[PDB]
>>> print(open('upload22.pdb').read())   # PDB, C-alpha atoms
ATOM      1  CA  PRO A   2    -231.653 -23.879  60.916  1.00  0.00           C
ATOM      2  CA  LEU A   3    -234.132 -22.201  58.562  1.00  0.00           C
ATOM      3  CA  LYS A   4    -232.794 -21.711  55.048  1.00  0.00           C
ATOM      4  CA  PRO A   5    -232.537 -17.991  54.217  1.00  0.00           C
ATOM      5  CA  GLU A   6    -235.385 -18.395  51.712  1.00  0.00           C
ATOM      6  CA  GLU A   7    -237.607 -20.053  54.318  1.00  0.00           C
ATOM      7  CA  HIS A   8    -236.875 -17.188  56.721  1.00  0.00           C
ATOM      8  CA  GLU A   9    -237.765 -14.764  53.935  1.00  0.00           C
ATOM      9  CA  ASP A  10    -241.150 -16.430  53.410  1.00  0.00           C
ATOM     10  CA  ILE A  11    -241.996 -15.831  57.054  1.00  0.00           C
ATOM     11  CA  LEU A  12    -240.957 -12.188  56.967  1.00  0.00           C
ATOM     12  CA  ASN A  13    -243.140 -11.542  53.913  1.00  0.00           C
ATOM     13  CA  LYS A  14    -246.058 -13.297  55.575  1.00  0.00           C
ATOM     14  CA  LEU A  15    -245.679 -11.144  58.727  1.00  0.00           C
ATOM     15  CA  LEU A  16    -245.662  -7.967  56.609  1.00  0.00           C
ATOM     16  CA  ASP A  17    -249.452  -8.118  56.110  1.00  0.00           C
ATOM     17  CA  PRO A  18    -251.390  -6.261  58.863  1.00  0.00           C
ATOM     18  CA  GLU A  19    -254.391  -8.367  57.847  1.00  0.00           C
ATOM     19  CA  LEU A  20    -252.796 -11.723  58.702  1.00  0.00           C
ATOM     20  CA  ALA A  21    -254.963 -13.599  61.224  1.00  0.00           C
ATOM     21  CA  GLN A  22    -253.578 -12.998  64.723  1.00  0.00           C
ATOM     22  CA  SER A  23    -253.337 -16.774  65.061  1.00  0.00           C
ATOM     23  CA  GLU A  24    -250.936 -17.131  62.120  1.00  0.00           C
ATOM     24  CA  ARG A  25    -249.058 -14.029  63.226  1.00  0.00           C
ATOM     25  CA  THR A  26    -248.345 -15.459  66.674  1.00  0.00           C
ATOM     26  CA  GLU A  27    -247.474 -18.792  65.013  1.00  0.00           C
ATOM     27  CA  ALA A  28    -244.980 -17.434  62.474  1.00  0.00           C
ATOM     28  CA  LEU A  29    -243.459 -15.261  65.196  1.00  0.00           C
ATOM     29  CA  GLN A  30    -242.998 -18.490  67.175  1.00  0.00           C
ATOM     30  CA  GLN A  31    -241.125 -20.214  64.352  1.00  0.00           C
ATOM     31  CA  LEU A  32    -238.726 -17.268  64.343  1.00  0.00           C
ATOM     32  CA  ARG A  33    -238.289 -17.553  68.105  1.00  0.00           C
ATOM     33  CA  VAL A  34    -237.630 -21.288  68.119  1.00  0.00           C
ATOM     34  CA  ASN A  35    -235.358 -21.127  65.049  1.00  0.00           C
ATOM     35  CA  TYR A  36    -233.258 -18.347  66.547  1.00  0.00           C
ATOM     36  CA  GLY A  37    -233.041 -20.316  69.766  1.00  0.00           C
ATOM     37  CA  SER A  38    -231.535 -23.312  68.014  1.00  0.00           C
ATOM     38  CA  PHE A  39    -229.350 -21.202  65.716  1.00  0.00           C
ATOM     39  CA  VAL A  40    -227.692 -19.409  68.631  1.00  0.00           C
ATOM     40  CA  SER A  41    -227.251 -22.762  70.369  1.00  0.00           C
ATOM     41  CA  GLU A  42    -225.680 -24.438  67.332  1.00  0.00           C
ATOM     42  CA  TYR A  43    -223.439 -21.376  66.924  1.00  0.00           C
ATOM     43  CA  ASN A  44    -222.261 -21.196  70.532  1.00  0.00           C
ATOM     44  CA  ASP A  45    -221.327 -24.868  70.312  1.00  0.00           C
ATOM     45  CA  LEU A  46    -219.465 -24.551  67.013  1.00  0.00           C
ATOM     46  CA  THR A  47    -217.581 -21.656  68.561  1.00  0.00           C
ATOM     47  CA  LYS A  48    -216.568 -23.833  71.511  1.00  0.00           C
ATOM     48  CA  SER A  49    -215.758 -26.792  69.274  1.00  0.00           C
ATOM     49  CA  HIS A  50    -213.639 -24.423  67.181  1.00  0.00           C
ATOM     50  CA  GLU A  51    -211.737 -23.157  70.238  1.00  0.00           C
ATOM     51  CA  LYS A  52    -210.978 -26.714  71.327  1.00  0.00           C
ATOM     52  CA  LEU A  53    -209.583 -27.583  67.872  1.00  0.00           C
ATOM     53  CA  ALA A  54    -207.537 -24.381  67.815  1.00  0.00           C
ATOM     54  CA  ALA A  55    -206.016 -25.280  71.183  1.00  0.00           C
ATOM     55  CA  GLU A  56    -205.252 -28.854  70.095  1.00  0.00           C
ATOM     56  CA  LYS A  57    -203.771 -27.693  66.805  1.00  0.00           C
ATOM     57  CA  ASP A  58    -201.517 -25.379  68.803  1.00  0.00           C
ATOM     58  CA  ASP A  59    -200.175 -28.207  70.978  1.00  0.00           C
ATOM     59  CA  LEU A  60    -199.739 -30.400  67.889  1.00  0.00           C
ATOM     60  CA  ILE A  61    -197.783 -27.784  65.939  1.00  0.00           C
ATOM     61  CA  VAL A  62    -195.603 -26.754  68.872  1.00  0.00           C
ATOM     62  CA  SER A  63    -194.565 -30.333  69.585  1.00  0.00           C
ATOM     63  CA  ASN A  64    -194.274 -31.049  65.847  1.00  0.00           C
ATOM     64  CA  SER A  65    -191.498 -28.399  65.896  1.00  0.00           C
ATOM     65  CA  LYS A  66    -189.974 -29.552  69.179  1.00  0.00           C
ATOM     66  CA  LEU A  67    -189.899 -33.150  67.929  1.00  0.00           C
ATOM     67  CA  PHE A  68    -188.405 -32.185  64.572  1.00  0.00           C
ATOM     68  CA  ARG A  69    -185.649 -30.172  66.240  1.00  0.00           C
ATOM     69  CA  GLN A  70    -184.862 -32.835  68.864  1.00  0.00           C
ATOM     70  CA  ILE A  71    -184.446 -35.493  66.166  1.00  0.00           C
ATOM     71  CA  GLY A  72    -181.888 -33.300  64.409  1.00  0.00           C
ATOM     72  CA  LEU A  73    -179.749 -32.936  67.542  1.00  0.00           C
ATOM     73  CA  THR A  74    -179.514 -36.702  67.968  1.00  0.00           C
ATOM     74  CA  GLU A  75    -178.067 -37.323  64.454  1.00  0.00           C
ATOM     75  CA  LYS A  76    -179.295 -35.489  61.374  1.00  0.00           C
TER
ATOM     76  CA  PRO B   2    -225.361 -11.314  66.103  1.00  0.00           C
ATOM     77  CA  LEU B   3    -228.510  -9.950  67.763  1.00  0.00           C
ATOM     78  CA  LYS B   4    -228.623 -11.164  71.351  1.00  0.00           C
ATOM     79  CA  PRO B   5    -231.623 -13.473  71.936  1.00  0.00           C
ATOM     80  CA  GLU B   6    -233.132 -10.785  74.173  1.00  0.00           C
ATOM     81  CA  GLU B   7    -232.774  -8.089  71.495  1.00  0.00           C
ATOM     82  CA  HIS B   8    -234.366 -10.396  68.928  1.00  0.00           C
ATOM     83  CA  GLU B   9    -237.224 -11.326  71.257  1.00  0.00           C
ATOM     84  CA  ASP B  10    -237.833  -7.606  71.749  1.00  0.00           C
ATOM     85  CA  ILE B  11    -238.411  -7.291  68.002  1.00  0.00           C
ATOM     86  CA  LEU B  12    -240.639 -10.354  67.867  1.00  0.00           C
ATOM     87  CA  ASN B  13    -242.717  -8.863  70.673  1.00  0.00           C
ATOM     88  CA  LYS B  14    -243.119  -5.548  68.869  1.00  0.00           C
ATOM     89  CA  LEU B  15    -244.312  -7.442  65.761  1.00  0.00           C
ATOM     90  CA  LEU B  16    -247.015  -9.296  67.672  1.00  0.00           C
ATOM     91  CA  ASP B  17    -249.201  -6.181  67.848  1.00  0.00           C
ATOM     92  CA  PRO B  18    -251.477  -5.899  64.744  1.00  0.00           C
ATOM     93  CA  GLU B  19    -251.959  -2.202  65.483  1.00  0.00           C
ATOM     94  CA  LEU B  20    -248.268  -1.435  64.976  1.00  0.00           C
ATOM     95  CA  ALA B  21    -247.781   1.239  62.286  1.00  0.00           C
ATOM     96  CA  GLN B  22    -246.824  -0.203  58.897  1.00  0.00           C
ATOM     97  CA  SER B  23    -243.559   1.755  58.838  1.00  0.00           C
ATOM     98  CA  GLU B  24    -242.691   0.138  62.196  1.00  0.00           C
ATOM     99  CA  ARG B  25    -243.676  -3.351  61.057  1.00  0.00           C
ATOM    100  CA  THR B  26    -241.711  -2.937  57.834  1.00  0.00           C
ATOM    101  CA  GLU B  27    -238.673  -1.608  59.676  1.00  0.00           C
ATOM    102  CA  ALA B  28    -238.698  -4.433  62.253  1.00  0.00           C
ATOM    103  CA  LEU B  29    -238.914  -7.129  59.582  1.00  0.00           C
ATOM    104  CA  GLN B  30    -236.021  -5.478  57.714  1.00  0.00           C
ATOM    105  CA  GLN B  31    -233.975  -5.670  60.936  1.00  0.00           C
ATOM    106  CA  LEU B  32    -234.738  -9.369  61.186  1.00  0.00           C
ATOM    107  CA  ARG B  33    -233.681  -9.911  57.576  1.00  0.00           C
ATOM    108  CA  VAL B  34    -230.406  -7.999  57.868  1.00  0.00           C
ATOM    109  CA  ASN B  35    -229.643  -9.734  61.151  1.00  0.00           C
ATOM    110  CA  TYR B  36    -230.395 -13.196  59.780  1.00  0.00           C
ATOM    111  CA  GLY B  37    -228.241 -12.735  56.703  1.00  0.00           C
ATOM    112  CA  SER B  38    -225.406 -11.449  58.855  1.00  0.00           C
ATOM    113  CA  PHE B  39    -225.896 -14.407  61.203  1.00  0.00           C
ATOM    114  CA  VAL B  40    -225.842 -16.993  58.408  1.00  0.00           C
ATOM    115  CA  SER B  41    -222.614 -15.543  57.021  1.00  0.00           C
ATOM    116  CA  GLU B  42    -220.802 -15.633  60.353  1.00  0.00           C
ATOM    117  CA  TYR B  43    -222.038 -19.200  60.785  1.00  0.00           C
ATOM    118  CA  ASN B  44    -220.909 -20.247  57.299  1.00  0.00           C
ATOM    119  CA  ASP B  45    -217.485 -18.701  57.869  1.00  0.00           C
ATOM    120  CA  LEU B  46    -217.116 -20.402  61.254  1.00  0.00           C
ATOM    121  CA  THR B  47    -218.070 -23.709  59.647  1.00  0.00           C
ATOM    122  CA  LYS B  48    -215.341 -23.305  57.023  1.00  0.00           C
ATOM    123  CA  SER B  49    -212.485 -22.470  59.370  1.00  0.00           C
ATOM    124  CA  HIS B  50    -213.698 -25.281  61.607  1.00  0.00           C
ATOM    125  CA  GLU B  51    -213.434 -27.717  58.702  1.00  0.00           C
ATOM    126  CA  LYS B  52    -209.995 -26.380  57.832  1.00  0.00           C
ATOM    127  CA  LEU B  53    -208.863 -26.736  61.452  1.00  0.00           C
ATOM    128  CA  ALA B  54    -210.197 -30.277  61.669  1.00  0.00           C
ATOM    129  CA  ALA B  55    -208.261 -31.206  58.526  1.00  0.00           C
ATOM    130  CA  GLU B  56    -205.013 -29.611  59.729  1.00  0.00           C
ATOM    131  CA  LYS B  57    -205.347 -31.358  63.082  1.00  0.00           C
ATOM    132  CA  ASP B  58    -205.735 -34.711  61.283  1.00  0.00           C
ATOM    133  CA  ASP B  59    -202.609 -34.027  59.264  1.00  0.00           C
ATOM    134  CA  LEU B  60    -200.613 -32.955  62.351  1.00  0.00           C
ATOM    135  CA  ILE B  61    -201.556 -36.179  64.117  1.00  0.00           C
ATOM    136  CA  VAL B  62    -200.234 -38.162  61.137  1.00  0.00           C
ATOM    137  CA  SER B  63    -197.032 -36.155  61.311  1.00  0.00           C
ATOM    138  CA  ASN B  64    -196.562 -36.371  65.083  1.00  0.00           C
ATOM    139  CA  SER B  65    -197.324 -40.075  64.970  1.00  0.00           C
ATOM    140  CA  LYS B  66    -194.255 -40.496  62.747  1.00  0.00           C
ATOM    141  CA  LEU B  67    -191.993 -38.154  64.712  1.00  0.00           C
ATOM    142  CA  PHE B  68    -192.844 -39.880  68.016  1.00  0.00           C
ATOM    143  CA  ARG B  69    -192.178 -43.344  66.533  1.00  0.00           C
ATOM    144  CA  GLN B  70    -188.963 -42.054  65.006  1.00  0.00           C
ATOM    145  CA  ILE B  71    -187.864 -40.713  68.426  1.00  0.00           C
ATOM    146  CA  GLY B  72    -188.843 -44.089  69.861  1.00  0.00           C
ATOM    147  CA  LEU B  73    -186.951 -46.470  67.562  1.00  0.00           C
ATOM    148  CA  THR B  74    -183.709 -44.591  68.160  1.00  0.00           C
ATOM    149  CA  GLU B  75    -183.972 -44.488  71.951  1.00  0.00           C
ATOM    150  CA  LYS B  76    -184.694 -48.205  71.599  1.00  0.00           C
ATOM    151  CA  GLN B  77    -181.524 -48.728  69.541  1.00  0.00           C
ATOM    152  CA  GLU B  78    -179.782 -46.885  72.357  1.00  0.00           C
TER
END
>>> encode(input="upload22.pdb", output="C-alpha cells")
Amino acid sequence: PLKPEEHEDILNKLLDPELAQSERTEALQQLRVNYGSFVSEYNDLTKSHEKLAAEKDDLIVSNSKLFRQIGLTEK
Amino acid sequence: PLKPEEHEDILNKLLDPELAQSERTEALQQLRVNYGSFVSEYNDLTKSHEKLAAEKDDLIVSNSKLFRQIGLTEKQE
C-alpha cells in the first residue's frame, strides 16, 4: 500500500483549511482506496498465515509419529 | 486496526472545510496513529508468515525422507 511517508504527505496536505475542495475530496479518496486495499491484503495474509499454521501442524505431528514408528521397527 | 467503517467515518468528517481546526488536526492524528499501528501489525504478520513458509518447506524435506525410509523397509519386508 502507501508508504508511511506517502501517507504522511497526504495528512499534511489535508491539514490546510484553505486546500481547494477538489483536492481535499481527491486526497480523501486516495486514503479511502488505499485503506480498502490494505485491509484486503491484510485479511488475505491472515488467512494465508492460518493455512500455513495448520499445514505446519500436520507436518510436525506426523514428523514425530513417523520418527517414533521407525524406531519401533528397528532402531 | 480501525474497521473500514470507523475509518470512513473519519474521512467523512474531514471532508467538511468548515470543521474546526482542532477537530481537523485531531482527526488527521487519528489517521496517522492508526496507519502506523496498521503497518506494524502488517509487517509482523509478514515476518511470521515468511518464517512459517520456511519451516513448512523444511518439514516437507524431512517428512519426504521419513516416508521413503518407512517405505524401503516395508518393501524389504
>>> closest_atom_pairs(input="upload22.pdb", of="chain B", to="chain A", cutoff="7 Å", atoms="all atoms listed in the file", output="CSV")
residue,atom,partner,partner_atom,distance
B:12,CA,A:29,CA,6.3
B:16,CA,A:26,CA,6.4
B:18,CA,A:18,CA,5.9
B:25,CA,A:16,CA,6.7
B:26,CA,A:16,CA,6.5
B:29,CA,A:12,CA,6.1
B:43,CA,A:43,CA,6.7
B:50,CA,A:50,CA,5.6
B:53,CA,A:53,CA,6.5
B:54,CA,A:53,CA,6.8
B:57,CA,A:57,CA,5.5
B:60,CA,A:60,CA,6.2
B:64,CA,A:64,CA,5.8
B:67,CA,A:67,CA,6.3
B:71,CA,A:71,CA,6.6
>>> write_last_selection(input="upload22.pdb", atoms="C-alpha atoms", output="compact mmCIF listing (two decimals), keeping the file's coordinate frame")
# COMPACT_ATOMS: atom_id res chain seq x y z
CA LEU B 12 -240.64 -10.35 67.87
CA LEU B 16 -247.02 -9.30 67.67
CA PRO B 18 -251.48 -5.90 64.74
CA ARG B 25 -243.68 -3.35 61.06
CA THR B 26 -241.71 -2.94 57.83
CA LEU B 29 -238.91 -7.13 59.58
CA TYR B 43 -222.04 -19.20 60.78
CA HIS B 50 -213.70 -25.28 61.61
CA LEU B 53 -208.86 -26.74 61.45
CA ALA B 54 -210.20 -30.28 61.67
CA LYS B 57 -205.35 -31.36 63.08
CA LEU B 60 -200.61 -32.96 62.35
CA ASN B 64 -196.56 -36.37 65.08
CA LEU B 67 -191.99 -38.15 64.71
CA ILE B 71 -187.86 -40.71 68.43
>>> atom_distance(input="upload22.pdb", atom1="CA of residue 34 in chain B", atom2="CA of residue 52 in chain B")
27.5 Å
>>> atom_distance(input="upload22.pdb", atom1="CA of residue 35 in chain A", atom2="CA of residue 7 in chain A")
11.0 Å
>>> atom_distance(input="upload22.pdb", atom1="CA of residue 23 in chain A", atom2="CA of residue 10 in chain A")
16.9 Å
>>> closest_residue(input="upload22.pdb", among="A:73, A:52, A:38, A:62", to="residue 5 in chain B", atoms="all atoms listed in the file")
A:38
>>> build_atoms(input="upload22.pdb", residues="range 46-62 of chain B", atoms="N, CA, C and O atoms", output="short mmCIF file (atom, residue, chain, number, x, y, z; two decimals), keeping the file's coordinate frame")
data_model
loop_
_atom_site.label_atom_id
_atom_site.label_comp_id
_atom_site.auth_asym_id
_atom_site.auth_seq_id
_atom_site.Cartn_x
_atom_site.Cartn_y
_atom_site.Cartn_z
N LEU B 46 -217.59 -19.62 60.12
CA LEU B 46 -217.12 -20.40 61.25
C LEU B 46 -217.06 -21.88 60.89
O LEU B 46 -216.16 -22.60 61.32
N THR B 47 -218.02 -22.32 60.08
CA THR B 47 -218.07 -23.71 59.65
C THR B 47 -216.90 -24.05 58.74
O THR B 47 -216.41 -25.18 58.77
N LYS B 48 -216.46 -23.08 57.94
CA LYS B 48 -215.34 -23.30 57.02
C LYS B 48 -214.01 -23.39 57.75
O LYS B 48 -213.23 -24.30 57.50
N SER B 49 -213.74 -22.45 58.64
CA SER B 49 -212.48 -22.47 59.37
C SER B 49 -212.46 -23.66 60.32
O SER B 49 -211.39 -24.14 60.68
N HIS B 50 -213.63 -24.14 60.71
CA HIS B 50 -213.70 -25.28 61.61
C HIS B 50 -213.27 -26.50 60.81
O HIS B 50 -212.50 -27.33 61.29
N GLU B 51 -213.77 -26.59 59.58
CA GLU B 51 -213.43 -27.72 58.70
C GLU B 51 -211.95 -27.70 58.36
O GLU B 51 -211.30 -28.74 58.30
N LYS B 52 -211.41 -26.50 58.15
CA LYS B 52 -210.00 -26.38 57.83
C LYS B 52 -209.16 -26.81 59.05
O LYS B 52 -208.17 -27.53 58.91
N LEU B 53 -209.57 -26.37 60.24
CA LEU B 53 -208.86 -26.74 61.45
C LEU B 53 -208.90 -28.24 61.66
O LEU B 53 -207.90 -28.84 61.99
N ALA B 54 -210.07 -28.84 61.47
CA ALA B 54 -210.20 -30.28 61.67
C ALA B 54 -209.26 -31.04 60.74
O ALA B 54 -208.68 -32.05 61.14
N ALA B 55 -209.13 -30.56 59.51
CA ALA B 55 -208.26 -31.21 58.53
C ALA B 55 -206.79 -31.06 58.91
O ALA B 55 -206.03 -32.02 58.81
N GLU B 56 -206.39 -29.86 59.33
CA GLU B 56 -205.01 -29.61 59.73
C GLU B 56 -204.65 -30.47 60.94
O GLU B 56 -203.55 -31.02 61.00
N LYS B 57 -205.57 -30.56 61.89
CA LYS B 57 -205.35 -31.36 63.08
C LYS B 57 -205.07 -32.80 62.67
O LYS B 57 -204.13 -33.42 63.16
N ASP B 58 -205.90 -33.33 61.77
CA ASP B 58 -205.74 -34.71 61.28
C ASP B 58 -204.36 -34.92 60.66
O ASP B 58 -203.71 -35.96 60.88
N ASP B 59 -203.91 -33.93 59.90
CA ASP B 59 -202.61 -34.03 59.26
C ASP B 59 -201.45 -33.91 60.28
O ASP B 59 -200.41 -34.55 60.11
N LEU B 60 -201.64 -33.11 61.33
CA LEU B 60 -200.61 -32.96 62.35
C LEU B 60 -200.48 -34.22 63.19
O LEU B 60 -199.39 -34.55 63.66
N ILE B 61 -201.58 -34.94 63.35
CA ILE B 61 -201.56 -36.18 64.12
C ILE B 61 -200.76 -37.23 63.34
O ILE B 61 -199.98 -37.99 63.92
N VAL B 62 -200.95 -37.24 62.02
CA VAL B 62 -200.23 -38.16 61.14
C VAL B 62 -198.75 -37.86 61.30
O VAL B 62 -197.93 -38.76 61.53
#
